[PDB]
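J.: once you've seen the sequence and the experimental structure below, I've got questions.
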Amino acid sequence: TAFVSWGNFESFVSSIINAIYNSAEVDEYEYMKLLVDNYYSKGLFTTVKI
Amino acid sequence: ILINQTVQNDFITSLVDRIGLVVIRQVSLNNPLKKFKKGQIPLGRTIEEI
Amino acid sequence: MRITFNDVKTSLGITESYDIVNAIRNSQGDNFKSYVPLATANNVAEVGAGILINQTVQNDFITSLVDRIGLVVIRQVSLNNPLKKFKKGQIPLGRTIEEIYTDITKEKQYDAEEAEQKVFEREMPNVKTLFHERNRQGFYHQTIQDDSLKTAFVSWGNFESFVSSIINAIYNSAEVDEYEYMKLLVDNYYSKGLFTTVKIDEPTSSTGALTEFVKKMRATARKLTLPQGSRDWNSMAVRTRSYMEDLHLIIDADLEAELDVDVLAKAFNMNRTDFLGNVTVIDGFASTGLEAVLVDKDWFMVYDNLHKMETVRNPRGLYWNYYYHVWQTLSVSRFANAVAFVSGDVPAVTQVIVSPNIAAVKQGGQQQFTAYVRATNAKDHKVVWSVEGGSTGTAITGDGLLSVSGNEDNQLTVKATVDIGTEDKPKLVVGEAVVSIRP
Amino acid sequence: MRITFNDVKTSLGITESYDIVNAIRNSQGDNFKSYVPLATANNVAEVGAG
Amino acid sequence: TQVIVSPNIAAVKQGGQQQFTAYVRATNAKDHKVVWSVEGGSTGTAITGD
């Protein structure tokens, strides 16, 4: 009842579907960055002073 | 306008102004750190490096 | 786990009238003398109307064996509503329906002198809009255990018959409820006073009450089907015209039986005295005075949005759950003719219609309002005009001219009131309109 | 330019000889018994008039 | 003429509830009102006016 065109309806539901994959990619990137942050926090890097 | 309201036509008060154009915003997000992934592990939980 | 009932008598909810078992034995030359020769009449009268609750009965010969059930019959019915020809198509997308009508204007006298300085004056057309939205959403739920039902049967055919009856009950209920909703539409329309009421209970002069209702319906149909039209048959007080082939008359079974006995029988060439519109017979309306309703084909504005059926299975409880979802919008059009034939004591004035039902004026503008009183009698009733919501300086004259003060910002309501009751017992019929202020 | 209405009663000048909702709710064996099983009867009586 | 209760036979639990419908067979058009009662005898079991 919120739409008038079947094309718009399908586009909206497809966007809803793609939101899941977008969130998954964002979370994976954040996890991979957290890996480096944790490695630095535990002090296992070779530190070079600047 | 965050929340819209019904507006009557200026010439005729009985008629209400309609919605002309509807646009759907689409976005696709990836992660730069995708090339650093290895293969799959169907069975098991532990990886040993020697 | 044992569901059992005790101390249940044959006459559970029976209110006897004259105790025929005593009447037969006390009859001396009465109308019951024919039943005296009967011997087992007492046993027949004890259980001749059936037994609501069963109980095990031992046979007369040996008090150890148990009488058995020797016949099982299952009754099934198919029901469908007759008011399906009044339904429109489907609405796949959207919720609201807009209906726009343009009325006629008023004539002005030719005057070149006044024509000097108002060549570019604006005359707003008299248009009206009506909105209809979806209002019915529902579903029917039924569960089938189809494992505990096997202990109540001894054959593999009665089980399937019972299952089929259970399945068909959902569709029967759906049809019945659709019919009830479509009848409730008419009942609510009559309750709100939006019909045009015609009294058919009065005699012609002294004894011409045999065909008075026939004459009234024929005359009403003829005057609704007029080339020039009229504004006395719709709740919007708008000049409109109907057509004979588009007029549908829903009558009562009592009215049909009265007609085809007191008119169509003792009359030659009954094509000149039969009903005019397309006749549909129902059981009877819920209103006290309603007897028949004559409407236009476009009066009904009912649409359907959803009709679906979905099933689920619970394996832990071992049953099937059935859902039947029905979504519909049920509305009527106020721009179509609508006459209700009544026979009771209706009020003198039905309702008052204000022709401009919506207005938008500025702080220095003026508005003109017109009132139509749907009086059921020949008497004339005066109309009192009032305005509410104004701060100060906003007044409306007795003619219906509303003026707005130059310094205010509020939503005004204009009310036209007709008093039909006597002194110390007022009965007010009010028609109101909404006015907005544009700064 | 922009004219709006804040809130308008659903009746708006409708005078009822009797209240159908109340008649349906408070009834025993009358002609309104058939309307009791209906679920959206109140909504239909409120909106279906137009 | 008579009064008919739609569920003639019922089985309920100690914490359950039951709904009953009454149909009155009236030979005239006059309306009638019906009173509900229970003669189970247990304290705490009660039937409302509906």
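T.: Done, it's in. Numbering: from 1, shown residues only, chains lettered A, B, ... in the order given.
J.: name the nearest residue to the most centrally placed residue in chain A, sequence neighbours excluded.
T.: By C-alpha atoms, centre = their mean, chain A has its centre lying nearest to residue A:26, at 0.8 Å. Among residues not flanking residue A:26 along the chain, residue B:29 sits closest, at 5.9 Å (C-beta to C-beta, 6 or more residues apart in numbering or on different chains). (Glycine included, C-beta is placed from N, CA and C.)
J.: contacting residues around whichever residue of chain A sits closest to chain E?
T.: Residue of chain A nearest chain E, by C-beta to the nearest C-beta: residue A:1 (33.3 Å). The contact partners of residue A:1, by C-beta atoms under 8 Å, 6 or more residues apart in numbering or on different chains, come to C:93-95, C:134.
J.: Serialize the residues you listed to TSV and add fields for secondary structure.
T.: Formatted as TSV, the contacts of residue A:1 follow (DSSP: H, G, I helix; E, B strand; the rest coil):
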residue	secondary structure
C:93	coil
C:94	coil
C:95	coil
C:134	coil
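J.: can you name the two of those that sit furthest apart?
T.: The largest separation in those, counting by C-beta to C-beta, is between C:93 and C:134 at 11.7 Å.
J.: contact residues of chain A facing chain E?
T.: With C-beta under 8 Å from any C-beta of the partner chain as the criterion, chain A does not come near chain E at any residue.
J.: what's the burial count for residue A:19?
T.: Other residues near residue A:19 come to 12 when the count uses other C-beta atoms under 10 Å in any protein chain shown.
J.: now residue A:45
T.: 10.
J.: quick check, it in contact with residue A:37.
T.: No. Using C-beta atoms under 8 Å, residue A:45 is not in contact with residue A:37, being 10.9 Å away.
J.: quick one, what contacts the residue in chain A that chain B sits nearest to?
T.: Closest contact between chain A and chain B, by C-beta to the nearest C-beta, is at residue A:29 (3.6 Å). Contact partners of residue A:29, counting by C-beta under 8 Å, 6+ apart, are B:31-33.
J.: residues touching residue A:46, list them.
T.: Taking C-beta under 8 Å, 6+ apart as the definition, residue A:46 has no contacts.
J.: and residue A:26, how far is that from chain C?
T.: 33 Å (C-beta to the nearest C-beta, to the nearest Å).
J.: wait, that residue sits on residue B:31?
T.: Yes. Applying C-beta under 8 Å, one finds residue A:26 in contact with residue B:31, separated by 7.3 Å.
J.: report the buried residues of stretch A:29-44.
T.: For stretch A:29-44, burial by neighbour count (16 or more other C-beta atoms under 10 Å in any protein chain shown) applies to residue A:29.
J.: in CSV, list the C-alpha atoms belonging to it.
T.: Output of stretch A:29-44 as CSV, limited to C-alpha atoms (Å, rounded to 0.1, in the frame of the first residue of the first chain):
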residue,chain,number,x,y,z
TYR,A,29,36.2,-4.9,7.3
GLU,A,30,35.8,-3.8,10.9
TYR,A,31,36.9,-7.3,12.2
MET,A,32,39.9,-7.3,10.0
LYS,A,33,40.9,-3.8,11.2
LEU,A,34,40.4,-5.0,14.8
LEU,A,35,42.9,-7.8,14.1
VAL,A,36,45.6,-5.2,13.5
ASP,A,37,44.5,-3.1,16.5
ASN,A,38,44.6,-6.2,18.8
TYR,A,39,48.0,-7.2,17.5
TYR,A,40,49.4,-3.7,18.3
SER,A,41,47.7,-3.7,21.7
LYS,A,42,49.3,-6.9,22.7
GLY,A,43,52.7,-5.5,21.8
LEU,A,44,53.7,-8.1,19.2
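J.: any idea how far that stretch is from the middle of the chain?
T.: 17 Å (C-alpha atoms, centre = their mean, to the nearest Å).
J.: please apply the same query to stretch A:11-20.
T.: 15 Å.
J.: can you pull out the residues in contact with that stretch?
T.: By C-beta under 8 Å, 6+ apart, the surrounding residues in contact with stretch A:11-20 are A:3, B:24, B:26, B:28.
J.: among those residues, which ones are buried?
T.: residue A:3.
J.: and of the contacts of stretch A:11-20, the nearest to chain C?
T.: Distance to chain C across these (C-beta to the nearest C-beta) is lowest for residue A:3, with 5.8 Å.
J.: residue contacts, the closest one?
T.: Counted by C-beta under 8 Å, 6+ apart, residue A:3 has contacts A:9, A:12, B:22, C:93-94.
J.: again, but for residue A:50
T.: For residue A:50, counting by C-beta under 8 Å, 6+ apart, there are no contacting residues.
J.: also residue A:6?
T.: Residues near residue A:6 by C-beta under 8 Å, 6+ apart: residue C:93.
J.: at 7 Å instead, please
T.: By C-beta atoms under 7 Å, 6 or more residues apart in numbering or on different chains, no residues touch residue A:6.
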